[PDB]
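Trainee: Before I ask anything, let me first share the structure, which is written out below as structure tokens.
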Amino acid sequence: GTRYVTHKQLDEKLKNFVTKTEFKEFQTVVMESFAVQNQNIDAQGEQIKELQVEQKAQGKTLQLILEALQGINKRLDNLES
Amino acid sequence: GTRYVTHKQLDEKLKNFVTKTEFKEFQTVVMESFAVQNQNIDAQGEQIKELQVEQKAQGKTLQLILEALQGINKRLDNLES
Amino acid sequence: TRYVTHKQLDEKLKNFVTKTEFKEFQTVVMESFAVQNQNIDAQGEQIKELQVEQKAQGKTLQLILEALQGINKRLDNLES
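Chains as they are written, first to last, in the deposited numbering: chain C, 205 to 285; chain A, 5 to 85; chain B, 106 to 185.
Take a look at the structure:
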């Protein structure tokens with residue numbers, strides 16, 4: 205086994221290398237991990253979009269209120285001294 | 005013996021394979037990175053929840069204002085006959 | 106035999122992951138984390154935007170509440 209590699213020497217060498225079995229096993233764990241986190245990230249993006257629309261709606265309502273207050277103040281001043 | 009692998013050819017061939025050490029290091033950094041992301045994603049989830057509560061709270065305030073404005077307008081209608 | 110043939114070696118290494126396969130996956134994982142960071146940063150910005158808008162509107166709402174107080178007083182004067 206001095207010039208060429210023997211089966212015992214190869215097996216011994218291969219003890220320190222990664223098998224396809226181990227590699228693929230880990231790949232599935234990683235892919236499923238990204239899947240669950242990304243699903244959470246997407247769900248939160250959805251909640252944000254929902255908040256954004258309501259925030260604009262509220263800003264619209266507020267603007268209306270500010271106008272109404274101006275009208276109320278004009279009517280009050282109209283009856284004032 | 006020309007059909008056999010020499011020690012040098014084995015070493016060269018193994019240059020293109022992964023050691024358990026390299027793989028374990030990668031696994032750890034990856035799983036550990038997912039942990040960090042979990043912290044980040046959950047933190048934003050909590051920030052979103054707080055935005056939701058505040059938006060709902062302010063929405064209620066807006067409705068109270070809307071109710072107030074109508075009562076005012078009626079008191080003004082009565083004053084203006 | 107007891108010596109490894111070129112073919113036997115090839116056959117055996119087929120059950121081990123190649124450096125190229127591994128490197129490809131590693132790059133894919135790291136770039137995927139990069140994308141998550143991209144989206145997390147973007148959503149963080151949207152969150153900050155909403156936080157800023159809410160604080161602002163919160164201020165205005167309180168002012169409005171006060172304004173209604175002064176309006177009710179003016180009305181009471183005109184009626185009560």
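Positions of the beta carbon are idealized from the N, C-alpha and C atoms, including for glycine.
Looking at residue 73 (chain A): is its Cβ nearer than 8 Å to the Cβ of residue 269 (chain C)?
Mentor: Against the second sequence, residue 73 (chain A) aligns to sequence position 69. Against the first sequence, residue 269 (chain C) aligns to sequence position 65. The answer is yes: Cβ separation under 8 Å.
Trainee: So that I know if they touch, is there some Cβ in chain C lying closer than 8 Å to that of residue 116 (chain B)?
Mentor: Within the third sequence, the letter at position 11 stands for residue 116 (chain B). Not closer than 8 Å to any Cβ of chain C, the Cβ of residue 116 (chain B) fails to qualify, so no.
Trainee: Please report the distance separating the alpha-carbon of residue 142 (chain B) from that of residue 60 (chain A).
Mentor: Position 37 of the third sequence, counting from 1, holds the residue named residue 142 (chain B). Position 56 of the second sequence, counting from 1, holds the residue named residue 60 (chain A). The straight-line gap from Cα to Cα measures roughly 29 Å.
Trainee: Could you name the residues of the segment 271-283 of chain C whose beta carbon sits closer than 7 Å to any beta carbon of chain D, in the order they occur along the chain?
Mentor: Chain labels in this structure do not include chain D; the protein chains are C, A and B.
Trainee: Residues of chain B with CB closer than 8 Å to the CB of residue 65 (chain A), please, in chain order.
Mentor: Your numbering for residue 65 (chain A) matches position 61 in the second sequence. Those are 166, 170, listed as they occur along chain B.
Trainee: Is there a Cβ of chain A sitting closer than 8 Å to that of residue 140 (chain B), yes or no?
Mentor: Within the third sequence, numbered from 1, the residue matching residue 140 (chain B) stands at position 35. So no, residue 140 (chain B) is outside the interface.
Trainee: Short of 8 Å Cβ to Cβ, which residues in the segment 42-53 of chain A face chain B?
Mentor: Within the segment 42-53 of chain A, the qualifying residues are 44, 45, 48, 51, 52.
Trainee: Out of curiosity, what's the CA-to-CA distance linking residue 184 (chain B) and residue 167 (chain B)?
Mentor: The residue labelled residue 184 (chain B) in the question sits at position 79 within the third sequence. The residue labelled residue 167 (chain B) in the question sits at position 62 within the third sequence. Cα to Cα, residue 184 (chain B) sits roughly 26 Å from residue 167 (chain B).
Trainee: Nearest-angstrom Cα distance between residue 248 (chain C) and residue 65 (chain A)?
Mentor: Counted from its first residue, the first sequence places residue 248 (chain C) at position 44. Counted from its first residue, the second sequence places residue 65 (chain A) at position 61. Using only the alpha carbons, I get a separation of about 25 Å.
Trainee: Between residue 36 (chain A) and chain B, is any beta-carbon pair separated by less than 8 Å?
Mentor: The residue you call residue 36 (chain A) lines up with position 32 of the second sequence. With 8 Å as the cut-off, residue 36 (chain A) does not count as an interface residue toward chain B.
Trainee: Measuring CB to CB, does residue 123 (chain B) end up less than 8 Å from residue 20 (chain A)?
Mentor: The sequence position of residue 123 (chain B) within the third sequence is 18, counting from 1. The sequence position of residue 20 (chain A) within the second sequence is 16, counting from 1. Cβ atoms of residue 123 (chain B) and residue 20 (chain A): closer than 8 Å.
Trainee: At 3 residues or longer, what runs of the beta strand (DSSP E) sit wholly inside the segment 147-171 of chain B?
Mentor: Listed in chain order, nothing qualifies, since the segment 147-171 of chain B has no complete beta strand (DSSP E) run of 3 or more residues.
Trainee: Would residue 124 (chain B) count as contacting chain A if we go by Cβ distances under 8 Å?
Mentor: Along the third sequence, read from residue 1 onward, the residue named residue 124 (chain B) stands at position 19. Closer than 8 Å: yes.
Trainee: Examine chain A for any beta-carbon lying closer than 8 Å to the beta-carbon of residue 109 (chain B), and answer yes or no.
Mentor: For the purposes of this step, residue 109 (chain B) is identified with residue 4 of the third sequence, where counting begins at 1. Judged by the 8 Å Cβ criterion, residue 109 (chain B) is in contact with chain A.
Trainee: Mapping DSSP to helix, strand and coil, what is residue 225 (chain C)?
Mentor: The residue given as residue 225 (chain C) occupies position 21 in the first sequence. Residue state, collapsed to three classes: helix.
Trainee: If you draw a straight line from the C-alpha of residue 150 (chain B) to the C-alpha of residue 12 (chain A), how long is it?
Mentor: Residue 150 (chain B) sits at position 45 when you count from the first residue of the third sequence. Residue 12 (chain A) sits at position 8 when you count from the first residue of the second sequence. Distance between the alpha carbons of residue 150 (chain B) and residue 12 (chain A) is about 56 Å.
Trainee: Pick out whichever of B:128, B:118, B:107 has its Cα sitting closest to the Cα of residue 225 (chain C).
Mentor: Translated into the one-based positions of the first sequence, residue 225 (chain C) becomes position 21. Nearest option by C-alpha distance: B:118.
Trainee: Terminal residues of the continuous alpha helix (DSSP H) containing residue 112 (chain B)?
Mentor: Here the question's residue 112 (chain B) lines up with position 7 in the third sequence. 111-118 is the extent of the alpha helix (DSSP H) around residue 112 (chain B).
Trainee: Name, please, each residue of chain C whose Cβ falls closer than 7 Å to the Cβ of residue 158 (chain B).
Mentor: If you number the third sequence from 1, residue 158 (chain B) lands on position 53. Within 7 Å Cβ-Cβ: 259.
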